[PDB]
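Chemist: Provided herewith is a single structure, encoded as structure tokens, for subsequent inquiry.
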Amino acid sequence: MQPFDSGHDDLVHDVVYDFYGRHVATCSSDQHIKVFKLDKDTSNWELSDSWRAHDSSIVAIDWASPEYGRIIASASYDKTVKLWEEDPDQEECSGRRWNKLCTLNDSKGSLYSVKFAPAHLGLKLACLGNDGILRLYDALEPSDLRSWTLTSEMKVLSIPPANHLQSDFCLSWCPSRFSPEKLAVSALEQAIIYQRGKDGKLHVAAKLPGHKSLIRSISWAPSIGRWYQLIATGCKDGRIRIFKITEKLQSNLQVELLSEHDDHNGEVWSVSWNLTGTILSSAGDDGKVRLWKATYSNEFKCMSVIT
Amino acid sequence: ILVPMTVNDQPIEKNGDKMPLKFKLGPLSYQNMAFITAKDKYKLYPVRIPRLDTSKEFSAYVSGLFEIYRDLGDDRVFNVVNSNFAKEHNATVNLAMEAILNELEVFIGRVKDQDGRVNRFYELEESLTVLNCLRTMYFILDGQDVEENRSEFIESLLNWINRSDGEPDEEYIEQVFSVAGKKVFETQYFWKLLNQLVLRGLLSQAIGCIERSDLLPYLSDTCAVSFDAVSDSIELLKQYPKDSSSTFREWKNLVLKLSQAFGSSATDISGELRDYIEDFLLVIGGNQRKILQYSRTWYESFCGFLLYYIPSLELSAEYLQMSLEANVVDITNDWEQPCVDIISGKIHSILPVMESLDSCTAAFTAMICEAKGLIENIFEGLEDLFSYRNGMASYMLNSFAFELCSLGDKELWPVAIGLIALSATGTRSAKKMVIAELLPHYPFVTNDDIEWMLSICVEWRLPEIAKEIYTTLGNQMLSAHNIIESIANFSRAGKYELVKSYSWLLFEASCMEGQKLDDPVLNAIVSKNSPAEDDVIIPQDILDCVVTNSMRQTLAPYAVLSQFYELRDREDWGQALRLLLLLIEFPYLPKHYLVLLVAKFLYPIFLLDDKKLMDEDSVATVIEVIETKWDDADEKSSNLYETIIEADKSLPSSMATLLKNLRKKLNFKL
Amino acid sequence: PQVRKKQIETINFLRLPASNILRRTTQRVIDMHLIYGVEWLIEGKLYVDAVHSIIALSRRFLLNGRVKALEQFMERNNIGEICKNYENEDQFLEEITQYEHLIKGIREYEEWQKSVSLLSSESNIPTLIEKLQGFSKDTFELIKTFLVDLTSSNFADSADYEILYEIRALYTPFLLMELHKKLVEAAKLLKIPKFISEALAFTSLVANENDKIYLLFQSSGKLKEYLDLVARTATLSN
């Protein structure tokens, strides 16, 4: 392979795609969000917009639901979730293509991760860092997107000590709208599953069994082609525990744990998943990306060992 | 299955360094990106997934398979008339098996010519070598014996040679047949390489062990009666049946006749040569102890009992064992031990293994073996197909087409979503899922990007799925600033209330000066009469008609009425205003929307103010909310031309405001 | 013509320079037989005998009033001799064209009916009827003269004339009439939806002796159907 230049001089923290897959909002800590673009006659990825975003390191990034303008935000430790909107007369490669709309100061204390809620719930984002609270701001109006009406404040630890910026704050969503929102939200050594109530507040339906150590990634396996959900565990014990979360403080879920992997022999740091969730794409401290794939019985065996 | 993440800059290959290697699998999967979240590698590696490479030879391959399933219907189960309809539906499922593998021979006829990994083409050798033995054992016979279709026993027996080994290539008609140290041959290998290639069942390389070497320069020259019955030896290979096992029995008597016509006749030739002639003949009678010892591999011995002894399946229990008293079965590579698993029977525990020998081949293998019912399920009786509640068939088929969507592409959706609308089990539940879920990262600002999904809702038509698409792109467009095909997509969201708010305002609060322009949209201002030619109306009323078409009796009396925005006259833009107001908003978009359309010439001088004038065709043909409006219902928004007329420039009634000033000037004015 | 072609092969093996089987080779091979009986000229240096054998079988069975079975029989002959070979016809010349003209002038109304999906309320909402007026004018001001004997120097036949007379009659005033339907069901009255001449201007534009649409046209049977739509063009200004 050939490694494309990013222009960056500092770690790629995340890579997050849009639904086309043809743009990735790669953040570094060089204070630029250099959004790239796949030109499809080459494998190397070239610039779409080097705008300077936050003035604190963008430690995670998430593409937005780009309903009202094409939006990408990010949370950094400046305690903001700055939204950046593209009107389609804006131009590429120029430092201005995604332009400031809001500045979230409702949120207190340093932040570390926005995840946007799906576009069925409109322009709604969750946000969490050492704020210690999962705060679901909701910009209700389709024109006016700075109108951040709180829905649920759910305490994660009320204030995490600062040494938990070394902790992945893990946030993920089911994109199914034929169910109320589910999201595994990492509260420093568990991941408490905030399952919807009925009451205008979430409650902790379950908390991952067999984990006593920090959770270094949850990516929620889509609720495509399953009535149930799936997750896997990036986690610090050296393991993957692949809970098939069958549907059963309120609850409607029961934990099963089917396969248990461990051939990473050290910490698992990427759980990612296929867009529909077929492929358990698991990267660890073994230096080998181990793509795992279910065989008949719904049990993931390694399909390929990309050394 | 090894793929370098890189041949430059390497993150880790080793569990000595505990760095946090992170890999992100998106809606591409020929570029996924591999990096470290440490101060090492900010580099990002474009890295493919094996068996999920955007290619166009792939697009031909997966289209071919998908149309072969359409000939088998949505059918995937075995049926039981019923004394021949349990064989008939079997019979057509043989011939579609061979369509699958001959698509694959067209796709071996692609990827032999150029391969970028030689192991990517070796997956197509090895999964085809599993489904070479399958085709000999079951899928031409009706899941029965050899004697049902003997020639086509033999043709897949040749596929088992030509598509495991890359052969013919001359090297077995050259071995001691163009070069030990003879050129007229008494050697064992002049005749073992005749024996093994006949034991192969092949007859293109077996004739060259006859013809391009010694049959004449010693037999005919020595004697004419050691030549009259060596004549009979190859004659028995030629008058070998190829298309029946009835004649084969009379032929087995005729072998006992003229193989014994050389027993009786002269020998003026070497005892080496003679006994090699008999070794070829104990292939031909089908004797045990020469079907073993001149085979190059197990599937030549096992397939030499199966031809030239009793051509029936019964030389696979006790006699398969005699093919392990021939040659070993490979287990360093997995191609020959899955073949054994056919012969014993269990094609359901080797389908697992065919996933990493190319799942695209294995998915349609699973489809069609369930149509014979030789594969089992382990749980039967969430209707979804990534449970094993559903078929071994619909385990791999419609979970193949989900990862098509993630592959890179989404114009192989006519294929993919075409897959998941077919199967006995209801995968209409699934058709909701792949097409409801894309939310957190899709609905973009554009002109149009959802149009095509109505065609990804006739690969199955569910109407509930057919407006969900435009919900996730039919209020997403008010920053895109595209024109009337977006007012189209607002109505077609499903709603009459999203055209009561997003195209209502192009009739109310429309002003910011004297001219009534104020519209982000560009078909208000210069292209007002663009929807009035029925040229730009048509695209949107043929992708769900009636939900768009009715709302065009609102925004195409908007080329008549709305021309008063551009210039305000007493006639011409009073001709084309005081005309039709009473069908066009009285079942469609808001009913009394009329306060920054009809109103706004009331204060300007045309009309009574401190002096009696009267304005043409508005004297008594404006009569709704525009005259009387103290008793009459006005949808309120008249504040925007009671302090927004210092930018229009009226004076003589722009002072001392009344809404009953407007009620006076439209009463008396003569 | 496949079974019949092998029939010709057999009769050439049985000798003679001419057979009754070789007579019909530029006749047959009854609708299908005639049309598949002729195809035989593609190669150069003769195509001045082509239109003769066309009109000599086209007309032959035209008691079925079929002009719809001449939509590949007036185009079967190729001028090829580009590089692949390296009065006689004047009467009939226009008839070749006018066979196929009748279908097109049906289809010159109907295609506007399918290709609209908006209200036809005039104020320039449909503007896609202006060029179409000018097009559909030439089918009674189209200067050729439909389907008839036009001279008497070339070969003609009387049996084969009455089935020009009547086949002409069936369709030529329809194409004429669909021009006049657009006046009161497409609302295009001139080349703009204003002014009502071009129905009153058409009352002796239908009359021409350059296309000869006058002489076949009934004085009560087609003329009464024609004026009732003029009378509805007149009430767009009443």
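A note on labels: chains of the structure tokens are A, B, ... as shown, every chain counts residues from 1, and ligands are counted from 1 in their shown order.
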Using only C-alpha atoms, find which residues of chain B lie within 12 Å of chain C and jot them down as number ranges by chain.
Modeler: B: 528-546, 548-561, 563, 572, 575-577, 579-580
Chemist: Check segment 210-254 of chain A with DSSP on the backbone and list each residue it calls strand (DSSP E or B), as a list in words.
Modeler: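 Output for segment 210-254 of chain A, strand (DSSP E or B) only: residues 217, 218, 219, 220, 221, 229, 230, 231, 232, 233, 234, 235, 240, 241, 242, 243, 244, 245, 246, 247, 253 and 254 of chain A.
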Chemist: For atom CA of residue 9 of chain C and atom CA of residue 84 of chain C, determine how far apart the two atoms are, in Å to one decimal place.
Modeler: 26.9 Å
Chemist: Can you tell me, as an mmCIF file with N, CA and C atoms, in the first residue's frame, what residues are no more than 9 Å from residue 229 of chain C when counting only C-alpha atoms, ignoring any on the same chain fewer than 5 positions away?
Modeler:
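Output saved as result_19.cif:
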```
data_model
loop_
_atom_site.group_PDB
_atom_site.id
_atom_site.type_symbol
_atom_site.label_atom_id
_atom_site.label_comp_id
_atom_site.auth_asym_id
_atom_site.auth_seq_id
_atom_site.Cartn_x
_atom_site.Cartn_y
_atom_site.Cartn_z
ATOM 1 N N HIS C 180 -56.631 20.597 -36.031
ATOM 2 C CA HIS C 180 -57.687 21.387 -35.632
ATOM 3 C C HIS C 180 -58.216 21.063 -34.197
ATOM 4 N N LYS C 181 -57.884 19.890 -33.615
ATOM 5 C CA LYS C 181 -58.270 19.529 -32.196
ATOM 6 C C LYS C 181 -57.360 20.215 -31.300
ATOM 7 N N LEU C 183 -56.417 23.217 -31.398
ATOM 8 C CA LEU C 183 -56.933 24.545 -31.303
ATOM 9 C C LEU C 183 -57.782 24.640 -30.046
ATOM 10 N N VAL C 184 -58.561 23.559 -29.693
ATOM 11 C CA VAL C 184 -59.519 23.718 -28.622
ATOM 12 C C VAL C 184 -59.251 22.682 -27.564
ATOM 13 N N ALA C 199 -58.107 29.412 -37.022
ATOM 14 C CA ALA C 199 -59.137 28.486 -37.396
ATOM 15 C C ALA C 199 -59.891 29.094 -38.571
ATOM 16 N N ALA C 234 -63.871 30.094 -32.179
ATOM 17 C CA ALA C 234 -64.512 31.393 -32.212
ATOM 18 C C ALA C 234 -65.042 31.841 -30.815
#
```
Chemist: Any idea what's packed within 9 Å of residue 436 of chain B, counting only C-alpha atoms, ignoring anything in its chain fewer than 3 positions away? Could you give it as an MDAnalysis selection string?
Modeler: (chainID A and resid 175:178 224) or (chainID B and resid 431:433 439 465 468:469 472)
Chemist: Got a sec: who's within 7 Å of segment 305-313 of chain B, counting only C-alpha atoms, leaving out chain neighbours fewer than 2 positions off, as a JSON list (two decimals) with N, CA, C and O atoms, in the first residue's frame?
Modeler:
```json
[["chain", "number", "residue", "atom", "x", "y", "z"],
["B", 145, "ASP", "N", -27.21, -42.13, -8.43],
["B", 145, "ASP", "CA", -26.11, -42.87, -9.01],
["B", 145, "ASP", "C", -25.74, -42.29, -10.37],
["B", 145, "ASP", "O", -26.55, -41.62, -11.06],
["B", 146, "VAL", "N", -24.49, -42.69, -10.76],
["B", 146, "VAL", "CA", -23.70, -42.46, -11.98],
["B", 146, "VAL", "C", -24.62, -42.70, -13.21],
["B", 146, "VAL", "O", -24.72, -41.80, -14.08],
["B", 147, "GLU", "N", -25.38, -43.83, -13.19],
["B", 147, "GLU", "CA", -26.06, -44.39, -14.41],
["B", 147, "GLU", "C", -27.23, -43.59, -14.98],
["B", 147, "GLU", "O", -27.68, -43.86, -16.11],
["B", 245, "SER", "N", -24.31, -46.82, -19.23],
["B", 245, "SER", "CA", -23.79, -47.89, -18.41],
["B", 245, "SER", "C", -24.49, -49.19, -18.64],
["B", 245, "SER", "O", -24.05, -50.07, -17.92],
["B", 283, "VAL", "N", -6.52, -51.60, -16.08],
["B", 283, "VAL", "CA", -7.38, -50.43, -15.97],
["B", 283, "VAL", "C", -8.64, -50.72, -16.72],
["B", 283, "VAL", "O", -9.72, -50.29, -16.27],
["B", 284, "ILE", "N", -8.61, -51.36, -17.92],
["B", 284, "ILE", "CA", -9.69, -51.32, -18.78],
["B", 284, "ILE", "C", -10.73, -52.36, -18.31],
["B", 284, "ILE", "O", -11.92, -51.99, -18.30],
["B", 285, "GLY", "N", -10.33, -53.59, -17.75],
["B", 285, "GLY", "CA", -11.26, -54.52, -17.08],
["B", 285, "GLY", "C", -11.74, -53.98, -15.75],
["B", 285, "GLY", "O", -12.88, -54.25, -15.30],
["B", 286, "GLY", "N", -10.89, -53.13, -15.16],
["B", 286, "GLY", "CA", -11.33, -52.36, -13.95],
["B", 286, "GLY", "C", -10.93, -53.08, -12.74],
["B", 286, "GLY", "O", -11.68, -53.13, -11.71],
["B", 287, "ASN", "N", -9.79, -53.89, -12.87],
["B", 287, "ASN", "CA", -9.28, -54.69, -11.80],
["B", 287, "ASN", "C", -8.72, -53.74, -10.74],
["B", 287, "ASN", "O", -8.24, -52.67, -11.05],
["B", 291, "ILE", "N", -5.85, -49.95, -10.34],
["B", 291, "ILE", "CA", -6.60, -48.73, -10.27],
["B", 291, "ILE", "C", -6.01, -47.95, -9.20],
["B", 291, "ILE", "O", -6.11, -46.70, -9.22],
["B", 301, "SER", "N", -7.68, -42.47, -8.51],
["B", 301, "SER", "CA", -7.99, -43.81, -8.15],
["B", 301, "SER", "C", -9.51, -44.00, -7.89],
["B", 301, "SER", "O", -10.13, -45.01, -8.36],
["B", 302, "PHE", "N", -10.07, -43.07, -7.09],
["B", 302, "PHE", "CA", -11.45, -43.08, -6.69],
["B", 302, "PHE", "C", -12.32, -42.86, -7.92],
["B", 302, "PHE", "O", -13.42, -43.40, -8.00],
["B", 303, "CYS", "N", -11.79, -42.09, -8.86],
["B", 303, "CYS", "CA", -12.42, -41.85, -10.13],
["B", 303, "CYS", "C", -11.91, -42.77, -11.20],
["B", 303, "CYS", "O", -11.91, -42.34, -12.33],
["B", 315, "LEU", "N", -18.59, -47.48, -4.95],
["B", 315, "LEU", "CA", -17.20, -47.77, -4.91],
["B", 315, "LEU", "C", -16.63, -46.52, -4.28],
["B", 315, "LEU", "O", -15.71, -45.90, -4.89],
["B", 316, "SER", "N", -17.26, -46.19, -3.15],
["B", 316, "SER", "CA", -17.01, -44.97, -2.40],
["B", 316, "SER", "C", -17.08, -45.16, -0.87],
["B", 316, "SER", "O", -17.27, -44.27, -0.06]]
```
Chemist: Excluding residue 36 of chain C and its own-chain neighbours fewer than 5 positions away, which residues fall within 10 Å of it when counting only C-alpha atoms? Please give them as an mmCIF file with N, CA, C and O atoms, in the first residue's frame.
Modeler:
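Output (result_39.cif):
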```cif
data_model
loop_
_atom_site.group_PDB
_atom_site.id
_atom_site.type_symbol
_atom_site.label_atom_id
_atom_site.label_comp_id
_atom_site.auth_asym_id
_atom_site.auth_seq_id
_atom_site.Cartn_x
_atom_site.Cartn_y
_atom_site.Cartn_z
ATOM 1 N N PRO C 1 -40.201 -17.642 -45.685
ATOM 2 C CA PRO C 1 -39.263 -17.538 -46.736
ATOM 3 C C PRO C 1 -38.074 -18.413 -46.450
ATOM 4 O O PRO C 1 -37.102 -18.340 -47.248
ATOM 5 N N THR C 25 -40.233 -14.707 -56.628
ATOM 6 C CA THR C 25 -38.984 -14.496 -55.932
ATOM 7 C C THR C 25 -38.904 -13.031 -55.624
ATOM 8 O O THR C 25 -38.027 -12.607 -54.843
ATOM 9 N N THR C 26 -39.740 -12.186 -56.398
ATOM 10 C CA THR C 26 -39.940 -10.757 -56.363
ATOM 11 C C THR C 26 -41.483 -10.570 -56.359
ATOM 12 O O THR C 26 -42.044 -9.512 -56.689
ATOM 13 N N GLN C 27 -42.181 -11.608 -55.827
ATOM 14 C CA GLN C 27 -43.597 -11.549 -55.402
ATOM 15 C C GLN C 27 -43.827 -12.135 -54.071
ATOM 16 O O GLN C 27 -44.355 -11.511 -53.175
ATOM 17 N N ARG C 28 -43.432 -13.417 -53.868
ATOM 18 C CA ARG C 28 -43.687 -14.253 -52.630
ATOM 19 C C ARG C 28 -42.860 -15.533 -52.650
ATOM 20 O O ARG C 28 -42.396 -15.932 -53.624
ATOM 21 N N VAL C 29 -42.538 -16.073 -51.425
ATOM 22 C CA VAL C 29 -42.268 -15.366 -50.193
ATOM 23 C C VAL C 29 -40.795 -15.678 -49.926
ATOM 24 O O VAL C 29 -40.337 -16.839 -50.011
ATOM 25 N N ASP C 31 -50.602 -10.924 -46.591
ATOM 26 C CA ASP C 31 -50.086 -9.695 -46.200
ATOM 27 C C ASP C 31 -48.565 -9.948 -46.159
ATOM 28 O O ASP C 31 -47.880 -9.138 -46.754
ATOM 29 N N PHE C 73 -41.369 -1.652 -45.253
ATOM 30 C CA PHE C 73 -41.441 -2.013 -46.602
ATOM 31 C C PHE C 73 -41.197 -0.868 -47.536
ATOM 32 O O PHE C 73 -41.235 -0.951 -48.745
ATOM 33 N N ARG C 76 -36.564 -0.950 -46.985
ATOM 34 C CA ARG C 76 -36.084 -2.327 -46.965
ATOM 35 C C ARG C 76 -34.888 -2.453 -47.827
ATOM 36 O O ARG C 76 -34.127 -3.449 -47.691
#
```
Chemist: Please identify all polymer residues within 9 Å of residue 370 of chain B, counting only C-alpha atoms, omitting same-chain residues fewer than 5 positions from it, and present them as a list in words.
Modeler: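 In the requested format, the answer is residues 76, 77, 78, 365, 375, 376, 391, 392 and 393 of chain B.
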